[PDB]
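Numbers and lists here come from the model and the stated rules, or from a named source; no laboratory instrument gave them. Every residue, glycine as well, gets a Cβ built from its backbone with ideal geometry; the counts of neighbours run over all protein chains shown.
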Amino acid sequence: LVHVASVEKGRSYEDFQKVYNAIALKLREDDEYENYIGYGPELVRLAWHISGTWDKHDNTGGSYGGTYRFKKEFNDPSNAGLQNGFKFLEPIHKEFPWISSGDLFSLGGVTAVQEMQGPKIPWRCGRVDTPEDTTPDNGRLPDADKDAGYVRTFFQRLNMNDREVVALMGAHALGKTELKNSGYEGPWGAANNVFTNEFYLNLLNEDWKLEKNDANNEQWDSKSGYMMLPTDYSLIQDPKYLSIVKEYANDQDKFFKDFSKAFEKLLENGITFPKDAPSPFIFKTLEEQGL
Ligand code: HEM
Ligand SMILES: [Co+2]
């Protein structure tokens, strides 16, 4: 199956910068969310869960179709804790009804990452909403109680290699886990509304202890009150992953370039851009607009 990007009828880079700006301004407006974490981390996770449904073997799932708008997918157990980010975006869709759902969910994550002082992430429009019957069944998103072999194997389905995996997992500098969503509890670090390489430094520098939690799942805890999922921990248990973790912990510039590429790829897997499709767009932050 082939999904060909189709640019929203007469839209252009400034139309999409407007939508960016709208999401960015609402991030500021609602920055009290989750005792001032803000909605940024939730939007990044949202954009990853909408994209993470892709199966490269038959091109099912993926961001192009905007299928998260159907109750089968937004009620996926794996998507618990994303309902507020979804509701966040709803009025903005109402403000810009010409944009497709997948373009909107994808753009939410690009916007969040940039506004949280992360790398610029080029973005491309043209995802086209696809009907209810194309929604992917539940179960395509990764489990957290697993090891490096699982992770490596899992991400192969998303066409991601070891560097891309380690780079993408770096978004766990953002936000936190909550028992009520995922059965895990705590943040990975202190500055969890800022996009930095802190995840890698914490993995490497903190003393970690396997402990069982209130949901009877096991997770790795530090006395500073940080935590690592077993799949996060697997990144230093595996020699090849460990090497790249060290690389990003030592060079945030390198992490930013690698993350930007991997995240764009993640968001665009499944999509065929025609020969005369427009080039990727890089959005200015509010800051760069003096807004
Ligand atoms: C083996 C792959 C993955 C696993 C098992 C995993 C697991 C989880 C867990 C269970 C949490 C907590 C959710 C909660 O309780 O609300 C979560 C949070 C988060 N994850 Fe992942 N994740 C992985 C990959 C990714 C990737 C690739 C990214 C981004 C490129 C992503 C970004 C996020 C974000 C930003 C949050 C915080 C959301 C919040 O605070 O609102 N994760 N992850
Ligand atoms: Co949350």
| field | Residues of the range 253-267 classified as farther than 17 Å from residue 162 by Cβ, within 16 Å of ligand 1 (Cβ to nearest atom) and surrounded by fewer than 23 Cβ atoms within 10 Å (Cβ to Cβ), total | value | 3
| said: Going by what's in this entry, would residue 7 be described as in a loop (DSSP other than H, G, I, E, B) and in contact (Cβ under 8 Å) with a residue 12 or more places away in the chain? | reply: yes
| Tell me, which helices (runs of 4 or more DSSP H) lie completely within the range 215-291 with 3 or more residues that are in the same structural domain as residue 1 (by CATH) and over 19 Å from residue 168 (Cα atoms)? | 286-289
| said: Please go through the range 65-89 and give me each residue that is under 16 Å from the mean Cα position of the chain (by Cα) and not in a helix (DSSP H, G or I), ordered by number. | reply: 66, 80, 81, 82
| note | Taking the range 165-176 and keeping residues buried (at least 21 other Cβ atoms within 10 Å of the Cβ) and either within 7 Å of ligand 1 (Cβ to nearest atom) or within 15 Å of residue 109 (Cβ to Cβ) (or both) leaves 167, 169, 170, 171, 172, 173, 174, 175
| said: Given the condition on the phi > 0 side of the Ramachandran plot, within 14 Å of ligand 1 (Cβ to nearest atom) and either surrounded by 18 or more Cβ atoms within 10 Å (Cβ to Cβ) or hydroxyl-bearing (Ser, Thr, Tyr) (or both), answer yes or no: does some residue in the range 45-67 qualify? | reply: no
| task | Of the conditions (1) within 12 Å of ligand 1 (Cβ to nearest atom); (2) surrounded by fewer than 20 Cβ atoms within 10 Å (Cβ to Cβ), residue 29 clears all except one; give me its number. | result | (1)
| task | Test residue 106 against the stated conditions and say whether it is more than 11 Å from ligand 1 (Cβ to nearest atom), over 18 Å from residue 273 (Cβ atoms) and of a type in the set (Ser, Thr, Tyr). | result | no
| When you scan the range 80-100, how many residues do you find that are aromatic (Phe, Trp, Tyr) and either within 13 Å of ligand 2 (Cβ to nearest atom) or without any contact (Cβ under 8 Å) to a residue 60 or more places away in the chain (or both)? | 2
